[PDB]
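>>> Okay, structure incoming, though there's no sequence with it:
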Ligand SMILES: Nc1ncnc2c1ncn2[C@@H]1O[C@H](COP(=O)(O)OP(=O)(O)OP(=O)(O)O)[C@@H](O)[C@H]1O
Ligand SMILES: Nc1ncnc2c1ncn2[C@@H]1O[C@H](COP(=O)(O)OP(=O)(O)O)[C@@H](O)[C@H]1O
Ligand SMILES: [Mg+2]
Ligand SMILES: [Mg+2]
């Protein structure tokens, strides 16, 4: 009776303490993993300054990667990315082509194997378990060039600010398959560069697009990790204010039941004493 | 899950419109279904005590029992809501005295005191109007 | 099922049901054991997801209609 | 009989028939609640006696919104038939715009995110809210209320920032020529001859800020 | 510690304890407000982990066996 | 036998028996007079027999309103054509002393009992607030010299209410279809006066304060309203299965109500976010505009037939309307009118950018 | 508290001054009157306070006013039982308070 | 609560008390394993809320 | 949880005003100069309104 | 021939027609890139912008006047307007110059672009300056590298990379000027 609402008040009060702790844990994790995000932002732009940005290519085999998070209190992030993943995956599929869908983070595997299970070949988790490093992104990219696709769409949340996390799609073209061909206009746009490497340009572009896939995959999971912490910092803020509004309502209900209990027990005592007096 | 025994008192407790009467009715109907099968002394004779219920519900229940043939073994004691509070108070004892005939004479009885939460309210009415001092929720001691 | 008790327990039910009902009573305790851990979706090691359907099939087995005893 | 105490008192506030002089008696009982609890005994007694309610919220009152009328919970369905026409014309879209403004409550960018297509209803419901604020001991005639809310809800104060709608609506009342108030009170409705001169008067006033 | 009061207070304690316990109750209060973070794996900014280990050794400081006053 | 009222939540989830006692439980301002006026509007017109209205301790404003709205409806005719009137008003309203309010339900019952027993008719007995009978006996029993029972009521609550309510029956020679309003005293369904009268009803329609705070009218709680007609052997399995499915979805959304509060919808399973969206749909689809509520809302009334509700609630359950928005279901009659409101919501988000209406050359017109 | 009001009412009504009156714990005034009316055999009202709670408080709080000759101002220490502002003793006392000075730790 | 986990006898290990639970009475070796069981059970009772 | 460095200049100007506002609410009392030495201040209302 | 012009402007229409209209269009890394290759500028004389990059750090983003890079065909200096090149780098010392003063980072590999607008981009995985390397470890590491030669030629590819990097590092630490 009047004991259940008391322990329920205690439960909501400790949940509010827990979420206020988790909010500033995510605040500390966002504040330290922000400098790494801004440092990794430099290397992605010489390739898009060199190779450009060609999302709307016509490919025949394509690997689409959804960079999600691992822990599940992100508050509307991984659902946003699995929305954008099929929103751009249906946009670039009108040619009767092959698609391999890959997820980084097992909350992507909990959300993508029910929406595209026909095309889902790979699930990569435990990536943020200590930190993300370039050799880790390199191994993941080597698993992506295990298949031999013509393009790579990478879906992640760019850490724009501590409140805004723009979901982006980054595109990497296979060297011999589309990279020389999506630069062809009045000859070629890559012929202005004088190759100073060992072997021919079909291997320089191979090394460069493997490097470019690894670099944008490193920056993808790093930006997505910072936005995952920064959105968990806001979701736990909403959780504290919700478990504070709930505590403030349930305390008023407890005070009403408290006053009602004292009144009805006293009316029982007076009614039992007036029958004898 | 909660198997009854033959001399066991099992409480059917719940909130309103959750199916307490329904569990009791399936007990009585199943005893009709098994009485036509066992040799003459494993037969269970039911008594339904309907305290405080409205007279329409008792009419529906008698209609159901007589259309399923379960009224051959069932007594129904019916102290409805318009009856005086001593009749609702006393109808579980009347029904238990009717069903104790089968217990005392080697047969097997089964009794349902449907709305025993209403016999206590009728007893509280009698005891408060006989000016006995009230207690918890003004119930008697 | 957790709140409904009975004092006699065994020795006052069907023996054939007594063979097949203890493994239902304890398995529904396992099924209720995981219902407060089904709001997240982690689905630990095909155990907390296997009994999450096995007990859910048992509770559907225990449903029945009205005025129709078995 | 604490119900009968208030029921036999409030039933004497009647509108008599035409055989009995046609007189009337309006009642405003006042009920103080404890922590906004309207499930109290006496509060639920008098709610089930009186025709409408005027709920006043402590949250709005300590947010500067005075009169702090909870516009969702407050009703008056008997005097809704007896409304000033013209005010009835604009009050429909007034409380519909505030009704879809109450769907933007505590999640503009407080709750989860922002879609930012309903910024029009957000920055419109704010101006309708600060239109309805009013200071103490200064009651407004009804013809100057319906002109002020016509200027609010037709979009004639849509360009003004939220901080000076209190000055904008008193500038509307003081600057629009006082013939239209006499037309609106005597006709008792916004006639088709009157919305034209009203909209011609409402574009030629200097609303502050911006 | 947070709910135990003495309205006489520091006017009637040991003056050698009064200059040491004034630190003690302050950092015990600091430990009480940072009490959820003790159960966490992600360490915070070490102005809270410092008061966490300090308040833990201070609560273990004030333990006492029965019938052996000091 | 079923009595179709044309109200969606009443027809689907707790259907009314044609000769049974019907209770509308409410908490001071949730809408059990508007619901009983809509039941008079929908039921007492299509009924061929006589009606009685017992106004027991309600507003005299509403008594004059019902009298005038029955005179202009032709249900009450004044003067020489009085024999063609179909309704008898008996009024013991809340200005009367407690001895009058405690016995005026017996007057209304006696007028209905004459038409049941003697005339052999089918009667409708609307009692506005049968609670005030109990409350008036509670007022006079404090002075009769009795020891009070629980919350402050008389020790003879249940026998008083039972001796009144056992007279409102369908007998072998006539039927009284009685719709009673019950007031719950401080939004308390555990108060002894609602809890005593739950037992004398075939269909309870429990109205909720929080549902009305959502804006959903009539504010019928779908998981607190019951009926003895919700049974497959009386309404058929196609109605019973969709009613039990709607109740299952609404309960399975009620079980998520605090997780959605303290965590948000962002973390729920995608087999449960489907459940939450479907239940937010089928609890807007129980909303309905009334013909008696159109004077203070302006939206016209919607009578919905029973088969329309059963087909319209199969469709939201199976998933045939998962693409329509939630607010397309709010305050519409049928599942057809969801479709004409869903696309009208998509004209009006596109009609923002069509024209720039200016009015020229009318100053000389 | 009525003795203190009388000594202040001399300085108001006779001396013609602006008097302060410090009622230390108006709640203990309420609690003492609750005990008095319980000893006289009266039936308690809501949660257990006297039936005359509003009028026993108003007998004190209405003699603290400004008249034509002087005034009595009153700084009353308020205790709130069970951290409950809707408890009828602080709910009744707050109806008479014209200000509030909250001292924080 | 212990009996709803199927653990019988449903003795609350914390809420049970004895006068014999004293290191001078039953011995300090018994006393310390008793207090250690109660310590780990109270720590788990405090951790269940953050586990869920 | 973040720091005063990431604040706006107007979200540091309110901090710089509010700290000296809550310092300017302090006052040495005449009844404490018996044992705290600092003499007590009686502030008029006209000085208070202008000084804030 | 470019009759199929993919791009950020030409993904938007196929997205706005195929994808749902609730969503804003997803961003692209081109939207966060302020300086490009083909559109000229960025030299204004003897300066040219050098962006020396690692995955973990941004080592320089200022403007310089010459940078000498260890290409696979040997070292080569990049003046203010070099020819556009994509030069794969071997292990060696990248040397920046802004004038009289220079900073010398030893790199492990990578590439180095200079673009038709004169901006150059050095893209390496790990660049440690010569102060951070101790010479007693590179000698023993080359001794342990140029000794064990397994027949699995994946490991001899790794060994060739080892002896190349360590030898160029050892010649990079007696090459103080
Ligand atoms: N096993 C069942 N399956 C489906 N419906 C059922 C079942 N048992 C009961 N019901 C339905 O539930 C409703 C309530 O049943 P019942 O009258 O037995 O409950 P009760 O608790 O006795 O109610 P009351 O307190 O009003 O007497 C009935 O309308 C019945 O049709
Ligand atoms: N179906 C409805 N549609 C719109 N508004 C309603 C509806 N039912 C109730 N309300 C609102 O709730 C109020 C309750 O009125 P009423 O039925 O007289 O309450 P009570 O339940 O106390 O008799 C009405 O004034 C009306 O404004
Ligand atoms: Mg029953
Ligand atoms: Mg009413």
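Alright, I've got the coordinates. Numbers count the residues shown, from 1 in each chain, chains lettered A, B, ... in the order given. Ligands and ions are numbered 1, 2, ... in the order given.
>>> Please name the residues that touch residue J:103.
J:60, J:95-96, J:129 (CB atoms under 8 Å, 6 or more residues apart in numbering or on different chains). C-beta: built from backbone N, CA, C; applies to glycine.
>>> any chance of these in JSON lines, plus secondary structure and neighbour count?
Output for these, formatted as JSON lines (DSSP: H, G, I helix; E, B strand; the rest coil; neighbours: other CB atoms under 10 Å in any protein chain shown):
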{"residue": "J:60", "secondary structure": "strand", "neighbour count": "19"}
{"residue": "J:95", "secondary structure": "strand", "neighbour count": "18"}
{"residue": "J:96", "secondary structure": "strand", "neighbour count": "20"}
{"residue": "J:129", "secondary structure": "strand", "neighbour count": "13"}
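>>> residues near the closest residue to residue C:43 other than its chain neighbours, how many?
The shortest distance from residue C:43 to any non-neighbouring residue, by CB to CB, 6 or more residues apart in numbering or on different chains, is to residue C:49 (4.3 Å). Close neighbours of residue C:49, defined as other CB atoms under 10 Å in any protein chain shown, add up to 15.
>>> Residue B:20 now?
Neighbour number of residue B:20 under other CB under 10 Å is 17.
>>> Please report how far the closest residue to it other than its chain neighbours lies from ligand 1.
In this structure, residue B:20 finds its nearest non-sequential neighbour in residue B:12, 4.5 Å apart by CB to CB, 6+ apart. Residue B:12 sits 8 Å away from ligand 1, going by CB to the nearest ligand atom, to the nearest Å.
>>> what secondary structure does residue B:12 sit in?
Assigned with DSSP: H, G, I helix; E, B strand; the rest coil, residue B:12 falls in the coil class.
>>> Please report how far it lies from residue B:113.
According to CB to CB, to the nearest Å, residue B:12 stands 10 Å off from residue B:113.
>>> Compare the two (neighbour count), which wins?
residue B:113 (23 against 17).
>>> contacting residues for that one?
Residue B:113 makes contact with B:49, B:51, B:92, B:95, B:119 under the criterion CB under 8 Å, 6+ apart.
>>> Who does the first one form a beta bridge with?
Translated: residue B:49. For residue B:49, the beta-bridge partners are residue B:77, residue B:113 (DSSP bridges).
>>> wait, isn't it in contact with residue B:89?
No: using CB atoms under 8 Å, residue B:49 makes no contact with residue B:89, being 11.7 Å away.
>>> Once you drop chain neighbours, what's closest to residue F:231?
Leaving aside its sequence neighbours, residue F:231 is closest to residue F:240 (6.9 Å, by CB to CB, 6+ apart).
>>> Pretty sure residue F:309 sits against residue F:11.
Yes: counting by CB under 8 Å, residue F:309 touches residue F:11, with 5.3 Å between them.
>>> Restricted to strands, list the contacts of residue B:113.
B:49, B:51 (DSSP state E).
>>> Of the contacts of residue B:113, which is the nearest to chain D?
residue B:119 (30.3 Å; CB to the nearest CB).
>>> got a list of what the residue lying closest to the closest one once chain neighbours are set aside touches?
Nearest non-adjacent residue to residue B:119, counting by CB to CB, 6+ apart: residue B:51, 5.0 Å away. For residue B:51, the contact set (CB under 8 Å, 6+ apart) comprises B:79, B:88, B:91-92, B:113-116, B:118-119, B:122.
>>> How about residue F:154: what's its closest non-neighbour residue?
residue F:141 (3.8 Å).
>>> Now for the residue of the stretch 1-150 of chain F found nearest chain J, how many residues are close by?
Going by CB to the nearest CB, chain J is nearest to residue F:8 of the stretch 1-150 of chain F, at 29.7 Å. Around residue F:8 there are 24 other residues, counting by other CB under 10 Å.
>>> How about residue A:163?
Neighbours of residue A:163 (other CB under 10 Å): 12.
>>> Find the helix or strand that residue 49 is a member of.
Chain wasn't specified; assuming chain A. helix A:44-50 (DSSP states H and E).
>>> Wait, chain J was what I had in mind.
In this structure, residue J:49 sits in strand J:48-53 according to DSSP H and E.
>>> Then residue B:25?
Going by DSSP H and E, residue B:25 is part of helix B:20-35.
>>> As a check, name the ranges of all helices in chain C.
C:15-32, C:51-61 (DSSP state H).
>>> The residue nearest to residue C:26 when sequence neighbours are not counted and chain D, how far apart?
Nearest non-adjacent residue to residue C:26, counting by CB to CB, 6+ apart: residue H:6, 7.1 Å away. Noted for residue H:6: a distance of 41 Å to chain D, by CB to the nearest CB, to the nearest Å.
>>> can I assume residue H:6 is in contact with residue C:27?
No: with contact defined as CB under 8 Å, residue H:6 does not reach residue C:27; the gap is 11.4 Å.
>>> Buried residues in the helix holding residue B:25, which are they?
By neighbour count on 16 or more other CB atoms under 10 Å in any protein chain shown, the buried set for helix B:20-35 is B:20-21, B:24-32, B:35.
>>> which residues are contacting it?
Contacts with helix B:20-35, where a contact means CB under 8 Å, 6+ apart, come from B:12-14, B:43-44, B:46, B:48, B:61, B:64-65, B:68-70, B:72-74, B:110, B:112, B:114, C:66-70.
>>> quick one, what contacts the most centrally placed residue in chain A?
Most central in chain A under CA atoms, centre = their mean is residue A:68, positioned 3.6 Å from the mean C-alpha point. Going by CB under 8 Å, 6+ apart, residue A:68 touches A:77-78, A:81-82, A:103-108, A:111, A:224.
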